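S.K.: One file: final17.pdb (PDB, C-alpha atoms (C1' of nucleotides)).
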```
ATOM      1  CA  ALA A   1     -27.837  -2.476  -5.324  1.00  0.00           C
ATOM      2  CA  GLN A   2     -26.771   1.141  -4.800  1.00  0.00           C
ATOM      3  CA  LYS A   3     -28.757   4.177  -3.688  1.00  0.00           C
ATOM      4  CA  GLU A   4     -29.320   6.579  -6.574  1.00  0.00           C
ATOM      5  CA  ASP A   5     -28.928  10.288  -5.906  1.00  0.00           C
ATOM      6  CA  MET A   6     -32.083  12.334  -5.426  1.00  0.00           C
ATOM      7  CA  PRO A   7     -32.765  15.632  -7.196  1.00  0.00           C
ATOM      8  CA  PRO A   8     -31.730  18.666  -5.134  1.00  0.00           C
ATOM      9  CA  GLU A   9     -35.359  19.844  -5.115  1.00  0.00           C
ATOM     10  CA  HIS A  10     -36.456  16.817  -3.060  1.00  0.00           C
ATOM     11  CA  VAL A  11     -34.492  17.849   0.030  1.00  0.00           C
ATOM     12  CA  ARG A  12     -35.457  21.459  -0.717  1.00  0.00           C
ATOM     13  CA  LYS A  13     -39.149  20.569  -0.468  1.00  0.00           C
ATOM     14  CA  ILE A  14     -38.591  18.372   2.597  1.00  0.00           C
ATOM     15  CA  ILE A  15     -36.855  21.228   4.424  1.00  0.00           C
ATOM     16  CA  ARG A  16     -39.386  23.796   3.179  1.00  0.00           C
ATOM     17  CA  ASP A  17     -42.300  21.859   4.639  1.00  0.00           C
ATOM     18  CA  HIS A  18     -42.257  20.211   8.092  1.00  0.00           C
ATOM     19  CA  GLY A  19     -40.381  23.293   9.307  1.00  0.00           C
ATOM     20  CA  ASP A  20     -42.332  23.733  12.551  1.00  0.00           C
ATOM     21  CA  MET A  21     -42.977  20.859  14.952  1.00  0.00           C
ATOM     22  CA  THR A  22     -46.355  22.433  15.797  1.00  0.00           C
ATOM     23  CA  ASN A  23     -47.890  20.739  12.745  1.00  0.00           C
ATOM     24  CA  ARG A  24     -49.781  17.613  13.812  1.00  0.00           C
ATOM     25  CA  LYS A  25     -49.738  15.922  10.390  1.00  0.00           C
ATOM     26  CA  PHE A  26     -46.242  14.414  10.716  1.00  0.00           C
ATOM     27  CA  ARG A  27     -46.266  14.072  14.522  1.00  0.00           C
ATOM     28  CA  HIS A  28     -47.397  10.435  14.222  1.00  0.00           C
ATOM     29  CA  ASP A  29     -43.817   9.189  13.713  1.00  0.00           C
ATOM     30  CA  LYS A  30     -41.209  11.085  15.730  1.00  0.00           C
ATOM     31  CA  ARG A  31     -38.862   8.328  16.941  1.00  0.00           C
ATOM     32  CA  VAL A  32     -37.354   8.207  13.449  1.00  0.00           C
ATOM     33  CA  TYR A  33     -37.079  12.006  13.599  1.00  0.00           C
ATOM     34  CA  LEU A  34     -35.720  12.154  17.151  1.00  0.00           C
ATOM     35  CA  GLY A  35     -33.285   9.245  16.887  1.00  0.00           C
ATOM     36  CA  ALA A  36     -31.301  10.926  14.100  1.00  0.00           C
ATOM     37  CA  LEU A  37     -30.919  14.236  15.954  1.00  0.00           C
ATOM     38  CA  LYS A  38     -28.135  13.130  18.314  1.00  0.00           C
ATOM     39  CA  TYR A  39     -25.684  13.329  15.382  1.00  0.00           C
ATOM     40  CA  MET A  40     -26.013  17.121  15.136  1.00  0.00           C
ATOM     41  CA  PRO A  41     -22.345  17.624  16.171  1.00  0.00           C
ATOM     42  CA  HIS A  42     -21.363  15.318  13.302  1.00  0.00           C
ATOM     43  CA  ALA A  43     -23.289  17.504  10.853  1.00  0.00           C
ATOM     44  CA  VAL A  44     -21.641  20.581  12.370  1.00  0.00           C
ATOM     45  CA  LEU A  45     -18.187  19.018  12.043  1.00  0.00           C
ATOM     46  CA  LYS A  46     -18.698  17.907   8.440  1.00  0.00           C
ATOM     47  CA  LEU A  47     -20.198  21.265   7.448  1.00  0.00           C
ATOM     48  CA  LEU A  48     -17.431  23.465   8.849  1.00  0.00           C
ATOM     49  CA  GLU A  49     -14.619  21.268   7.511  1.00  0.00           C
ATOM     50  CA  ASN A  50     -16.005  21.617   3.961  1.00  0.00           C
ATOM     51  CA  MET A  51     -16.164  25.418   4.079  1.00  0.00           C
ATOM     52  CA  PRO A  52     -15.382  27.005   0.684  1.00  0.00           C
ATOM     53  CA  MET A  53     -11.975  28.613   0.274  1.00  0.00           C
ATOM     54  CA  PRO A  54     -11.515  32.289  -0.673  1.00  0.00           C
ATOM     55  CA  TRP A  55     -10.730  31.368  -4.294  1.00  0.00           C
ATOM     56  CA  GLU A  56     -14.034  29.500  -4.712  1.00  0.00           C
ATOM     57  CA  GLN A  57     -17.422  31.126  -5.327  1.00  0.00           C
ATOM     58  CA  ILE A  58     -19.840  28.175  -5.180  1.00  0.00           C
ATOM     59  CA  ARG A  59     -18.986  24.752  -3.741  1.00  0.00           C
ATOM     60  CA  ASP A  60     -21.385  21.928  -4.588  1.00  0.00           C
ATOM     61  CA  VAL A  61     -20.845  19.167  -2.028  1.00  0.00           C
ATOM     62  CA  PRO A  62     -22.372  15.678  -1.717  1.00  0.00           C
ATOM     63  CA  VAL A  63     -25.106  15.749   0.913  1.00  0.00           C
ATOM     64  CA  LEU A  64     -26.504  12.931   3.054  1.00  0.00           C
ATOM     65  CA  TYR A  65     -29.799  14.021   4.602  1.00  0.00           C
ATOM     66  CA  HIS A  66     -32.417  12.353   6.772  1.00  0.00           C
ATOM     67  CA  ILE A  67     -35.609  11.189   5.075  1.00  0.00           C
ATOM     68  CA  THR A  68     -37.665  13.607   7.210  1.00  0.00           C
ATOM     69  CA  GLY A  69     -35.277  16.556   6.971  1.00  0.00           C
ATOM     70  CA  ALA A  70     -34.245  16.076  10.600  1.00  0.00           C
ATOM     71  CA  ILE A  71     -30.526  16.383   9.821  1.00  0.00           C
ATOM     72  CA  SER A  72     -28.268  16.968   6.814  1.00  0.00           C
ATOM     73  CA  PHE A  73     -24.669  15.758   6.540  1.00  0.00           C
ATOM     74  CA  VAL A  74     -21.928  16.858   4.149  1.00  0.00           C
ATOM     75  CA  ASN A  75     -20.655  13.432   3.052  1.00  0.00           C
ATOM     76  CA  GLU A  76     -17.274  14.667   1.858  1.00  0.00           C
ATOM     77  CA  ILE A  77     -13.742  14.906   3.269  1.00  0.00           C
ATOM     78  CA  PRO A  78     -11.850  17.993   2.032  1.00  0.00           C
ATOM     79  CA  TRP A  79      -8.937  16.290   0.284  1.00  0.00           C
ATOM     80  CA  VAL A  80      -6.523  18.837  -1.203  1.00  0.00           C
ATOM     81  CA  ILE A  81      -3.170  18.419  -2.929  1.00  0.00           C
ATOM     82  CA  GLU A  82      -0.689  19.800  -0.407  1.00  0.00           C
ATOM     83  CA  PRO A  83       1.507  21.805  -2.844  1.00  0.00           C
ATOM     84  CA  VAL A  84      -1.595  23.087  -4.649  1.00  0.00           C
ATOM     85  CA  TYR A  85      -3.324  24.014  -1.385  1.00  0.00           C
ATOM     86  CA  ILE A  86      -0.223  25.781  -0.049  1.00  0.00           C
ATOM     87  CA  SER A  87       0.275  27.673  -3.318  1.00  0.00           C
ATOM     88  CA  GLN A  88      -3.394  28.687  -3.418  1.00  0.00           C
ATOM     89  CA  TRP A  89      -3.221  30.015   0.134  1.00  0.00           C
ATOM     90  CA  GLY A  90       0.042  31.833  -0.605  1.00  0.00           C
ATOM     91  CA  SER A  91      -1.569  33.543  -3.583  1.00  0.00           C
TER      92      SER A  91
ATOM     93  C1'   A B   1      11.612  -9.360 -34.082  1.00  0.00           C
ATOM     94  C1'   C B   2       8.452 -13.903 -32.569  1.00  0.00           C
ATOM     95  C1'   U B   3       4.443 -16.352 -28.591  1.00  0.00           C
ATOM     96  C1'   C B   4       1.819 -16.480 -24.026  1.00  0.00           C
ATOM     97  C1'   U B   5       0.897 -13.432 -20.106  1.00  0.00           C
ATOM     98  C1'   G B   6      -4.886 -10.135 -18.991  1.00  0.00           C
ATOM     99  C1'   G B   7      -5.660  -4.660 -16.248  1.00  0.00           C
ATOM    100  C1'   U B   8      -7.628   0.415 -14.438  1.00  0.00           C
ATOM    101  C1'   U B   9     -11.512   3.228 -12.005  1.00  0.00           C
ATOM    102  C1'   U B  10     -15.393   3.332  -8.485  1.00  0.00           C
ATOM    103  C1'   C B  11     -18.947   1.834  -4.523  1.00  0.00           C
ATOM    104  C1'   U B  12     -19.635  -1.439  -0.311  1.00  0.00           C
ATOM    105  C1'   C B  13     -18.285  -5.334   3.228  1.00  0.00           C
ATOM    106  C1'   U B  14     -15.015  -8.135   6.540  1.00  0.00           C
ATOM    107  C1'   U B  15     -10.585  -8.083   9.145  1.00  0.00           C
ATOM    108  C1'   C B  16      -5.383  -6.791  10.386  1.00  0.00           C
ATOM    109  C1'   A B  17      -2.550  -2.386  11.568  1.00  0.00           C
ATOM    110  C1'   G B  18       3.752  -2.704  12.959  1.00  0.00           C
ATOM    111  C1'   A B  19       4.474   2.499  10.606  1.00  0.00           C
ATOM    112  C1'   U B  20       5.153  10.181  11.773  1.00  0.00           C
ATOM    113  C1'   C B  21      -2.104   4.639  10.772  1.00  0.00           C
ATOM    114  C1'   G B  22      -2.032  11.152  10.735  1.00  0.00           C
ATOM    115  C1'   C B  23       4.976  15.215   8.056  1.00  0.00           C
ATOM    116  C1'   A B  24      -1.634  16.612  11.397  1.00  0.00           C
ATOM    117  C1'   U B  25      -3.668  16.796  16.111  1.00  0.00           C
ATOM    118  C1'   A B  26      -8.947  16.724  19.702  1.00  0.00           C
ATOM    119  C1'   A B  27     -11.940  15.374  23.848  1.00  0.00           C
ATOM    120  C1'   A B  28     -13.362  12.246  27.956  1.00  0.00           C
ATOM    121  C1'   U B  29     -12.291   8.912  32.130  1.00  0.00           C
ATOM    122  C1'   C B  30      -9.135   6.946  35.965  1.00  0.00           C
ATOM    123  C1'   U B  31      -4.824   7.117  39.168  1.00  0.00           C
ATOM    124  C1'   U B  32      -0.726  10.225  41.111  1.00  0.00           C
ATOM    125  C1'   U B  33       1.671  15.259  41.963  1.00  0.00           C
ATOM    126  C1'   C B  34       0.446  20.135  42.203  1.00  0.00           C
ATOM    127  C1'   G B  35      -2.435  25.210  41.316  1.00  0.00           C
ATOM    128  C1'   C B  36      -7.225  27.308  42.979  1.00  0.00           C
ATOM    129  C1'   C B  37      -9.599  25.893  47.019  1.00  0.00           C
ATOM    130  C1'   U B  38     -15.871  26.587  49.352  1.00  0.00           C
ATOM    131  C1'   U B  39     -19.582  22.505  47.218  1.00  0.00           C
ATOM    132  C1'   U B  40     -21.426  20.340  42.096  1.00  0.00           C
ATOM    133  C1'   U B  41     -20.481  21.338  36.991  1.00  0.00           C
ATOM    134  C1'   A B  42     -16.507  23.531  34.837  1.00  0.00           C
ATOM    135  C1'   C B  43     -11.043  23.679  35.764  1.00  0.00           C
ATOM    136  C1'   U B  44      -5.086  24.996  36.772  1.00  0.00           C
ATOM    137  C1'   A B  45      -0.378  21.592  34.486  1.00  0.00           C
ATOM    138  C1'   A B  46       2.758  17.955  34.586  1.00  0.00           C
ATOM    139  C1'   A B  47       3.313  12.533  34.629  1.00  0.00           C
ATOM    140  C1'   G B  48       1.121   7.569  33.939  1.00  0.00           C
ATOM    141  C1'   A B  49      -2.731   4.264  32.078  1.00  0.00           C
ATOM    142  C1'   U B  50      -7.319   3.927  29.316  1.00  0.00           C
ATOM    143  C1'   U B  51     -11.680   5.045  26.109  1.00  0.00           C
ATOM    144  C1'   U B  52     -14.124   7.728  22.408  1.00  0.00           C
ATOM    145  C1'   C B  53     -13.912  10.774  18.089  1.00  0.00           C
ATOM    146  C1'   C B  54     -12.003  13.116  13.284  1.00  0.00           C
ATOM    147  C1'   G B  55      -9.261  10.586   9.728  1.00  0.00           C
ATOM    148  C1'   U B  56      -5.287   6.531   7.429  1.00  0.00           C
ATOM    149  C1'   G B  57      -2.656   1.988   5.410  1.00  0.00           C
ATOM    150  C1'   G B  58      -2.511  -3.324   3.874  1.00  0.00           C
ATOM    151  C1'   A B  59      -5.023  -7.669   2.747  1.00  0.00           C
ATOM    152  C1'   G B  60      -9.592 -10.346   1.724  1.00  0.00           C
ATOM    153  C1'   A B  61     -14.615 -10.514  -0.269  1.00  0.00           C
ATOM    154  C1'   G B  62     -18.752  -8.742  -3.173  1.00  0.00           C
ATOM    155  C1'   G B  63     -20.989  -5.208  -6.927  1.00  0.00           C
ATOM    156  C1'   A B  64     -20.492  -1.402 -10.772  1.00  0.00           C
ATOM    157  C1'   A B  65     -18.102   1.243 -14.667  1.00  0.00           C
ATOM    158  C1'   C B  66     -14.379   1.532 -20.045  1.00  0.00           C
ATOM    159  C1'   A B  67     -14.750  -3.879 -20.936  1.00  0.00           C
ATOM    160  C1'   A B  68     -12.317  -4.198 -23.926  1.00  0.00           C
ATOM    161  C1'   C B  69      -7.899  -1.955 -24.694  1.00  0.00           C
ATOM    162  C1'   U B  70      -3.007  -2.359 -24.067  1.00  0.00           C
ATOM    163  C1'   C B  71       1.072  -3.415 -20.670  1.00  0.00           C
ATOM    164  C1'   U B  72       4.987  -5.855 -18.192  1.00  0.00           C
ATOM    165  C1'   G B  73       7.495 -10.276 -17.539  1.00  0.00           C
ATOM    166  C1'   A B  74       8.746 -14.952 -19.381  1.00  0.00           C
ATOM    167  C1'   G B  75       9.658 -17.973 -23.632  1.00  0.00           C
ATOM    168  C1'   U B  76      15.225 -18.194 -26.691  1.00  0.00           C
ATOM    169  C1'   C B  77      14.946 -11.956 -27.534  1.00  0.00           C
ATOM    170  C1'   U B  78      14.751 -15.991 -35.021  1.00  0.00           C
ATOM    171  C1'   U B  79      17.696 -12.157 -41.077  1.00  0.00           C
ATOM    172  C1'   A B  80      21.101 -11.657 -46.449  1.00  0.00           C
ATOM    173  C1'   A B  81      25.377  -6.873 -49.011  1.00  0.00           C
ATOM    174  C1'   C B  82      31.299  -6.144 -49.338  1.00  0.00           C
ATOM    175  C1'   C B  83      35.165  -7.186 -45.901  1.00  0.00           C
ATOM    176  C1'   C B  84      39.320 -11.769 -41.953  1.00  0.00           C
ATOM    177  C1'   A B  85      42.735 -14.500 -38.903  1.00  0.00           C
ATOM    178  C1'   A B  86      49.697 -17.121 -34.978  1.00  0.00           C
ATOM    179  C1'   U B  87      46.982 -17.994 -28.297  1.00  0.00           C
ATOM    180  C1'   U B  88      41.367 -22.262 -27.720  1.00  0.00           C
ATOM    181  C1'   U B  89      37.988 -24.803 -32.553  1.00  0.00           C
ATOM    182  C1'   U B  90      36.073 -24.637 -41.605  1.00  0.00           C
ATOM    183  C1'   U B  91      41.715 -22.332 -44.801  1.00  0.00           C
ATOM    184  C1'   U B  92      46.389 -23.277 -40.345  1.00  0.00           C
ATOM    185  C1'   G B  93      53.057 -25.103 -42.184  1.00  0.00           C
ATOM    186  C1'   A B  94      51.539 -30.798 -35.876  1.00  0.00           C
ATOM    187  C1'   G B  95      54.000 -35.286 -40.986  1.00  0.00           C
ATOM    188  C1'   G B  96      56.348 -39.976 -41.082  1.00  0.00           C
ATOM    189  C1'   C B  97      60.264 -43.179 -39.333  1.00  0.00           C
ATOM    190  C1'   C B  98      63.159 -45.721 -35.645  1.00  0.00           C
ATOM    191  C1'   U B  99      65.114 -47.107 -30.889  1.00  0.00           C
ATOM    192  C1'   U B 100      64.412 -49.337 -26.255  1.00  0.00           C
ATOM    193  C1'   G B 101      61.260 -50.198 -22.142  1.00  0.00           C
ATOM    194  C1'   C B 102      56.794 -52.529 -21.397  1.00  0.00           C
ATOM    195  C1'   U B 103      51.666 -54.965 -22.266  1.00  0.00           C
ATOM    196  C1'   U B 104      49.256 -62.281 -22.359  1.00  0.00           C
ATOM    197  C1'   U B 105      49.423 -59.984 -27.925  1.00  0.00           C
ATOM    198  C1'   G B 106      47.360 -55.621 -29.658  1.00  0.00           C
ATOM    199  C1'   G B 107      49.384 -51.153 -27.735  1.00  0.00           C
ATOM    200  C1'   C B 108      51.586 -47.872 -24.364  1.00  0.00           C
ATOM    201  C1'   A B 109      55.987 -45.088 -22.374  1.00  0.00           C
ATOM    202  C1'   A B 110      60.512 -42.183 -23.407  1.00  0.00           C
ATOM    203  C1'   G B 111      64.350 -40.880 -26.843  1.00  0.00           C
ATOM    204  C1'   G B 112      66.338 -40.377 -31.704  1.00  0.00           C
ATOM    205  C1'   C B 113      65.797 -39.251 -37.313  1.00  0.00           C
ATOM    206  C1'   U B 114      63.458 -34.900 -40.054  1.00  0.00           C
ATOM    207  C1'   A B 115      62.279 -31.747 -45.065  1.00  0.00           C
TER     208        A B 115
ATOM    209  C1'   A C   1     -24.520  26.281  34.554  1.00  0.00           C
ATOM    210  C1'   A C   2     -25.932  25.861  39.702  1.00  0.00           C
ATOM    211  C1'   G C   3     -25.219  25.780  45.386  1.00  0.00           C
ATOM    212  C1'   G C   4     -31.171  31.888  45.129  1.00  0.00           C
ATOM    213  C1'   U C   5     -38.127  26.986  44.799  1.00  0.00           C
ATOM    214  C1'   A C   6     -41.550  29.557  50.927  1.00  0.00           C
ATOM    215  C1'   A C   7     -45.565  25.381  52.158  1.00  0.00           C
ATOM    216  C1'   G C   8     -50.437  26.567  50.876  1.00  0.00           C
ATOM    217  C1'   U C   9     -56.051  27.353  50.310  1.00  0.00           C
ATOM    218  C1'   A C  10     -59.242  29.412  46.605  1.00  0.00           C
ATOM    219  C1'   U C  11     -60.612  31.159  41.465  1.00  0.00           C
TER     220        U C  11
END
```
Using the file provided, produce a representation of the structure as C-alpha coordinates.
M.R.:
Amino acid sequence: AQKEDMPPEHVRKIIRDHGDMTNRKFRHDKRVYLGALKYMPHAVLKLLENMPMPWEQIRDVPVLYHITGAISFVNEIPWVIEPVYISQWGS
RNA sequence: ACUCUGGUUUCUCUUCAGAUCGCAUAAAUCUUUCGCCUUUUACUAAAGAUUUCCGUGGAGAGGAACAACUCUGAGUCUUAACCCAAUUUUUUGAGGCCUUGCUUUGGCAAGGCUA
RNA sequence: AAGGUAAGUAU
(Lines of atoms letter the chains of each structure in order from A and count residues from 1; the text may use other names and numbers.)
(Lines give C-alpha, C1' and ligand atoms only; values in the text may rest on other atoms or scores of the structure.)
Protein backbone atom coordinates (compact mmCIF):
# COMPACT_ATOMS: atom_id res chain seq x y z
CA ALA A 1 0.00 0.00 0.00
CA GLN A 2 1.97 2.96 -1.36
CA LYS A 3 0.81 6.24 -2.86
CA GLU A 4 1.42 6.33 -6.61
CA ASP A 5 2.76 9.54 -8.12
CA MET A 6 0.30 11.82 -9.88
CA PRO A 7 0.89 13.31 -13.33
CA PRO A 8 2.43 16.80 -13.20
CA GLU A 9 -0.66 18.19 -14.96
CA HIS A 10 -2.89 17.31 -11.98
CA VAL A 11 -1.22 19.79 -9.63
CA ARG A 12 -0.96 22.21 -12.57
CA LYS A 13 -4.75 22.17 -12.98
CA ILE A 14 -5.33 22.35 -9.22
CA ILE A 15 -3.15 25.46 -8.95
CA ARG A 16 -4.60 26.97 -12.14
CA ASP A 17 -8.14 26.79 -10.80
CA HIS A 18 -9.11 27.71 -7.21
CA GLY A 19 -6.64 30.58 -7.49
CA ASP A 20 -8.85 33.22 -5.87
CA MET A 21 -10.67 32.62 -2.59
CA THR A 22 -13.53 34.80 -3.87
CA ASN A 23 -15.00 31.78 -5.68
CA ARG A 24 -17.86 30.32 -3.64
CA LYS A 25 -17.78 26.86 -5.25
CA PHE A 26 -14.97 25.45 -3.08
CA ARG A 27 -15.68 27.59 0.00
CA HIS A 28 -17.76 24.77 1.52
CA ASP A 29 -14.66 23.03 2.93
CA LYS A 30 -11.96 25.41 4.16
CA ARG A 31 -10.73 23.76 7.38
CA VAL A 32 -8.80 21.26 5.25
CA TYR A 33 -7.46 24.23 3.26
CA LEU A 34 -6.69 26.40 6.29
CA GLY A 35 -5.19 23.69 8.49
CA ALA A 36 -2.40 22.96 6.01
CA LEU A 37 -1.36 26.61 5.63
CA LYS A 38 0.58 26.89 8.90
CA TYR A 39 3.41 24.87 7.29
CA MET A 40 4.23 27.65 4.83
CA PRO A 41 7.68 28.21 6.43
CA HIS A 42 8.39 24.51 5.87
CA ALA A 43 7.58 24.89 2.17
CA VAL A 44 9.80 27.98 2.05
CA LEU A 45 12.66 26.13 3.74
CA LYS A 46 12.41 23.07 1.49
CA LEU A 47 12.12 25.21 -1.65
CA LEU A 48 15.16 27.41 -1.01
CA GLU A 49 17.38 24.52 0.08
CA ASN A 50 16.72 22.73 -3.24
CA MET A 51 17.66 25.73 -5.38
CA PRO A 52 19.39 24.70 -8.64
CA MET A 53 23.13 25.22 -8.85
CA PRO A 54 24.78 27.37 -11.54
CA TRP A 55 25.82 24.28 -13.53
CA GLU A 56 22.22 23.02 -13.77
CA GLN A 57 19.59 24.32 -16.20
CA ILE A 58 16.43 22.48 -15.12
CA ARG A 59 16.01 20.66 -11.79
CA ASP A 60 13.06 18.28 -11.54
CA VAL A 61 12.37 17.71 -7.84
CA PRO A 62 9.87 15.44 -6.06
CA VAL A 63 6.90 17.51 -4.92
CA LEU A 64 4.43 16.89 -2.10
CA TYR A 65 1.39 19.14 -2.54
CA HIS A 66 -1.90 19.57 -0.72
CA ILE A 67 -4.99 18.03 -2.30
CA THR A 68 -6.56 21.50 -2.69
CA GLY A 69 -3.41 23.29 -3.85
CA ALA A 70 -3.14 25.07 -0.51
CA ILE A 71 0.58 24.33 -0.15
CA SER A 72 3.35 22.58 -2.09
CA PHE A 73 6.44 21.01 -0.52
CA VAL A 74 9.72 19.98 -2.14
CA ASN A 75 10.10 16.51 -0.62
CA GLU A 76 13.84 16.25 -1.22
CA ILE A 77 17.02 16.86 0.78
CA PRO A 78 19.90 18.19 -1.36
CA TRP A 79 22.42 15.41 -0.83
CA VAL A 80 25.67 16.10 -2.70
CA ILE A 81 28.99 14.25 -2.76
CA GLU A 82 31.34 16.57 -0.89
CA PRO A 83 34.37 16.28 -3.23
CA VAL A 84 32.09 16.53 -6.28
CA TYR A 85 30.22 19.52 -4.85
CA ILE A 86 33.46 21.31 -3.92
CA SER A 87 34.98 20.63 -7.34
CA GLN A 88 31.83 21.82 -9.11
CA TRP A 89 31.83 25.05 -7.12
CA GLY A 90 35.55 25.55 -7.74
CA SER A 91 34.99 25.19 -11.48
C1' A B 1 39.72 -28.59 -5.99
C1' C B 2 35.18 -30.69 -3.18
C1' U B 3 30.06 -29.53 0.04
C1' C B 4 26.84 -26.40 2.79
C1' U B 5 26.25 -21.48 3.74
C1' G B 6 21.57 -17.49 0.95
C1' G B 7 22.00 -11.47 -0.35
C1' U B 8 21.34 -6.19 -2.49
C1' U B 9 18.11 -2.00 -3.43
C1' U B 10 13.93 0.81 -1.99
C1' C B 11 9.52 2.63 0.81
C1' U B 12 7.27 2.88 5.69
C1' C B 13 6.86 1.96 11.03
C1' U B 14 8.62 1.48 16.14
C1' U B 15 12.42 2.58 19.43
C1' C B 16 17.51 3.67 21.20
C1' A B 17 21.28 7.41 20.42
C1' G B 18 26.93 7.21 23.56
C1' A B 19 29.48 9.61 19.00
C1' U B 20 32.17 16.13 15.67
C1' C B 21 23.87 12.22 15.91
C1' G B 22 25.83 17.17 12.15
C1' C B 23 34.04 17.66 9.89
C1' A B 24 27.69 21.70 9.63
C1' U B 25 25.09 25.09 12.50
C1' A B 26 19.53 27.99 13.67
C1' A B 27 15.66 29.97 16.70
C1' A B 28 12.78 30.36 21.19
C1' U B 29 12.17 30.30 26.61
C1' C B 30 13.99 30.80 31.61
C1' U B 31 17.61 32.39 35.24
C1' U B 32 22.08 35.45 36.17
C1' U B 33 25.67 39.52 34.64
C1' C B 34 25.89 43.56 31.65
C1' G B 35 24.78 47.26 27.19
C1' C B 36 20.61 50.55 25.80
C1' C B 37 17.33 52.32 28.97
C1' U B 38 11.25 55.15 28.45
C1' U B 39 6.89 51.17 28.05
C1' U B 40 5.32 46.52 24.85
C1' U B 41 7.29 43.94 20.68
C1' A B 42 12.01 43.74 18.98
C1' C B 43 17.07 43.72 21.25
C1' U B 44 22.92 44.58 23.06
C1' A B 45 26.74 39.92 24.70
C1' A B 46 28.63 36.79 27.81
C1' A B 47 27.57 32.60 31.13
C1' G B 48 24.17 28.65 32.80
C1' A B 49 19.86 25.46 32.13
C1' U B 50 15.86 24.06 28.84
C1' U B 51 12.56 23.46 24.44
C1' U B 52 11.61 23.50 19.35
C1' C B 53 13.36 23.08 14.37
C1' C B 54 16.59 21.58 9.95
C1' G B 55 19.00 17.05 9.53
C1' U B 56 21.93 11.97 11.32
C1' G B 57 23.41 6.88 13.19
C1' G B 58 22.24 1.83 15.12
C1' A B 59 18.78 -1.87 16.01
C1' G B 60 13.85 -3.97 15.39
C1' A B 61 9.37 -4.69 12.46
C1' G B 62 6.43 -4.63 7.98
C1' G B 63 5.92 -4.00 2.42
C1' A B 64 8.09 -3.58 -2.54
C1' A B 65 11.72 -4.33 -6.30
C1' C B 66 16.16 -7.99 -9.43
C1' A B 67 14.37 -12.64 -7.11
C1' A B 68 17.04 -15.09 -8.46
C1' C B 69 21.98 -14.44 -9.01
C1' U B 70 26.39 -15.00 -6.82
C1' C B 71 29.41 -14.20 -2.40
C1' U B 72 32.01 -15.01 2.07
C1' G B 73 33.00 -18.31 5.87
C1' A B 74 33.10 -23.21 7.53
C1' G B 75 33.75 -28.32 6.32
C1' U B 76 39.42 -31.15 5.80
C1' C B 77 41.09 -26.88 1.48
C1' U B 78 40.90 -34.66 -1.94
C1' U B 79 45.73 -35.94 -7.86
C1' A B 80 49.93 -39.39 -11.21
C1' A B 81 55.75 -37.92 -14.62
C1' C B 82 61.61 -38.34 -13.50
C1' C B 83 64.42 -37.48 -9.12
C1' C B 84 66.40 -39.04 -2.23
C1' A B 85 68.36 -39.65 2.69
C1' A B 86 73.57 -40.09 9.29
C1' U B 87 69.71 -36.18 14.05
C1' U B 88 63.08 -38.35 15.25
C1' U B 89 59.90 -42.90 12.02
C1' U B 90 59.55 -48.23 4.46
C1' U B 91 66.04 -49.22 2.41
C1' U B 92 69.49 -47.75 7.75
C1' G B 93 75.54 -51.18 9.42
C1' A B 94 71.47 -51.36 17.03
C1' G B 95 73.29 -58.33 16.47
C1' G B 96 74.16 -62.29 19.81
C1' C B 97 76.66 -64.15 24.16
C1' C B 98 78.08 -64.15 29.30
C1' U B 99 78.79 -62.46 34.30
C1' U B 100 76.76 -61.15 38.90
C1' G B 101 72.89 -58.80 41.57
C1' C B 102 67.88 -59.53 42.13
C1' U B 103 62.47 -61.26 41.32
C1' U B 104 58.08 -66.60 44.73
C1' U B 105 59.77 -68.38 39.23
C1' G B 106 59.36 -65.86 34.78
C1' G B 107 62.27 -61.50 34.28
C1' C B 108 64.78 -57.15 35.62
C1' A B 109 69.43 -54.35 36.86
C1' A B 110 74.71 -53.37 35.77
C1' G B 111 79.24 -55.05 33.56
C1' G B 112 82.02 -57.99 30.18
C1' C B 113 82.71 -60.60 25.11
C1' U B 114 82.19 -58.69 19.81
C1' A B 115 82.77 -59.29 13.83
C1' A C 1 5.29 46.72 14.76
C1' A C 2 3.04 49.83 18.49
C1' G C 3 2.80 53.26 23.08
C1' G C 4 -1.00 58.55 17.57
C1' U C 5 -8.94 55.51 18.04
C1' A C 6 -12.38 61.79 20.18
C1' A C 7 -17.58 59.90 22.31
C1' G C 8 -21.63 60.64 19.19
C1' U C 9 -26.62 61.62 16.61
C1' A C 10 -28.46 61.27 11.64
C1' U C 11 -28.45 59.54 6.32
S.K.: Compile the contact shell of segment 96-103 of chain B as number ranges by chain: residues with an atom at most 10 Å away, counting only C-alpha atoms (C1' of nucleotides), same-chain residues fewer than 3 positions apart removed.
M.R.: B: 106-114
S.K.: Identify every residue of chain A that has at least one atom within 10 Å of any atom of chain B, counting only C-alpha atoms (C1' of nucleotides), and report the result as a PyMOL selection string.
M.R.: chain A and resi 1-2+42+45-46+77
S.K.: Could you tell me, as a PyMOL selection string, exactly which residues end up selected when the PyMOL selection byres ((chain C and resi 3) around 9) is applied to this structure?
M.R.: (chain B and resi 39-40) or (chain C and resi 2+4)
S.K.: Any idea what the distance is between atom CA of residue 38 of chain A and atom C1' of residue 27 of chain B?
M.R.: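 Atom-to-atom, atom CA of residue 38 of chain A to atom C1' of residue 27 of chain B, that is 17.3 Å.
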S.K.: Hey, can you check how far atom CA of residue 41 of chain A sits from atom CA of residue 59 of chain A?
M.R.: 21.4 Å
S.K.: Using the chain letters and numbering of this document, enumerate as a PyMOL selection string the residues selected by the PyMOL selection byres ((chain A and resi 66-74) around 12).
M.R.: chain A and resi 6+10-21+26-27+29-51+59-65+75-78
S.K.: Which centre and edge lengths in Å to one decimal define the box along x, y and z that fits every listed atom of chain C plus 6 Å per side, as AutoDock Vina command-line options?
M.R.:
```
--center_x -42.6 --center_y 28.6 --center_z 43.4 --size_x 48.1 --size_y 18.5 --size_z 29.6
```
S.K.: Please, what distance in Å, to one decimal, runs between atom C1' of residue 24 of chain B and atom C1' of residue 10 of chain B?
M.R.: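 According to the coordinates, atom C1' of residue 24 of chain B and atom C1' of residue 10 of chain B are separated by 27.6 Å.
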S.K.: Tell me, as a PDB file with C-alpha atoms (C1' of nucleotides), in the frame of the given file, which residues lie within 12 Å of residue 8 of chain B, counting only C-alpha atoms (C1' of nucleotides); anything in the same chain fewer than 2 positions away does not count.
M.R.:
```pdb
ATOM      1  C1'   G B   6      -4.886 -10.135 -18.991  1.00  0.00           C
ATOM      2  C1'   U B  10     -15.393   3.332  -8.485  1.00  0.00           C
ATOM      3  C1'   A B  65     -18.102   1.243 -14.667  1.00  0.00           C
ATOM      4  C1'   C B  66     -14.379   1.532 -20.045  1.00  0.00           C
ATOM      5  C1'   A B  67     -14.750  -3.879 -20.936  1.00  0.00           C
ATOM      6  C1'   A B  68     -12.317  -4.198 -23.926  1.00  0.00           C
ATOM      7  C1'   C B  69      -7.899  -1.955 -24.694  1.00  0.00           C
ATOM      8  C1'   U B  70      -3.007  -2.359 -24.067  1.00  0.00           C
ATOM      9  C1'   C B  71       1.072  -3.415 -20.670  1.00  0.00           C
TER      10        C B  71
END
```
S.K.: Starting from the PyMOL selection byres ((chain B and resi 45) around 9), expand the selection into actual residues of this file and give them as an MDAnalysis selection string.
M.R.: chainID B and resid 34:35 44 46
